[PDB]
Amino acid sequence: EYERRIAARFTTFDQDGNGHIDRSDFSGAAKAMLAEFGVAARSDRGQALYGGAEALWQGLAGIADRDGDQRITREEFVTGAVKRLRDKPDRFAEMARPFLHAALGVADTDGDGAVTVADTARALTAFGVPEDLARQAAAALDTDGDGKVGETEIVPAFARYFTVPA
């Protein structure tokens, strides 16, 4: 189901489930990830995560919020955003790179610049992915099998996930 594929991508952005995407969906996601890792909002890494999340919101709103009211409806996403995301996925993933870079920093619990598969799964659950599925997705992100999930793995995976195939 092509339509269900679309709905899945919408749900990932609609973190609070209320049928439209707001800046608050993104800030709420940042809040939940910081809480999962015990990283303070006011810390350098906390500020970088909120900043990246806000930038991703602006990137999505720029593509999808066609009436300018700073809510992206299901209709706006389905009728507008899907094609545009499919047509320019790498450019969209670049708008997410500050968020994704900041998220890696949050999930690096020992400070060595690397993130485990297990901690990648924790991040995904903070973003609403059920625990079993999150383990499966985290594992799939480790494309070279060294047990670590890095930026060169997550940025193209993000680009691919938001390319809803026809």
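So that there is no doubt, residue numbering starts at 1 and follows the sequence shown.
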item	value
Which of 60-68 and 29-37 has higher mean CA B factor, as the PDB entry lists it	60-68
Greater mean Cα temperature factor according to the PDB record, 135-143 or 48-56	135-143
Ranked against its chain, the third holding the CA B-factor of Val78	highest
Chain third (lowest, middle, highest) by recorded CA B-factor, residue given as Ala96	lowest
Where the record places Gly105 (Cα B-factor, split into thirds across the chain)	lowest
